[PDB]
């Protein structure tokens, strides 16, 4: 039988501050249900160690969505609210099967748009350089679809071992640290000033696959939302 993520101590802090959405944005498990052993092939403990997300289908997801702790409701914060908002993770991105082209593994999202997507991507040109098998950030600086609304950055080539991420938002600015190295330093997010519905996500969100049956798979060794206020 499949082992539940909550059978070990490692992920209990974040499971106390999340709901699981799967296979769409519909609720699959509340925080309480995650803490009490919710399990399936989309969401289980691998190697006794990794919180593993699996999902097939274009635009489908298996993702944790940040919640107020202790059974609270959806959280909502702002890039300019004066608080530092922090998420950390340690992620093993395995080699993906044929048909999977891009998997979003962390997000800053609001009521209506993704401010930040960190995604694995099989192949893409950025700024006239061709890159393969890598980790990318996509930041939105507007709501339109032309290329001027996005800032896209090569963060790192995918490694076989765990890669660590820290995301910080303070005073309308975004910083992304990858394996201890600051790669994105103070990206402007002031377009989003006043939007007070932002929240973190993490897991697997499958983008533009070429087969809807191909299963994306991501393993987390650590994940936390870091409260700079200690309630």
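Numbering follows the first chain given and starts at 1.
Here the stretch with the larger average CA B-factor, out of 131-139 and 92-100, is 92-100. For the pair 184-192 and 200-208, the record assigns the higher mean C-alpha temperature factor to 184-192. Going by the entry's values, 79 shows the largest Cα B-factor out of 79, 121, 87, 155. Of the candidates 165, 50, 38, 53, it is 38 whose Cα B-factor is highest according to the PDB record. The PDB entry assigns residue 126 a C-alpha temperature factor belonging to the highest third of its chain's modelled residues.
The deposited CA B-factor of residue 223 belongs to the lowest third of values across its chain. In the deposited entry, the Cα temperature factor of residue 172 sits in the top third of values across the chain's modelled residues. Sorting the modelled residues of the chain by their CA temperature factor places residue 178 in the lowest third. For residue 27, the recorded CA B-factor ranks within the middle third of the chain. Only modelled residues enter the ranking.
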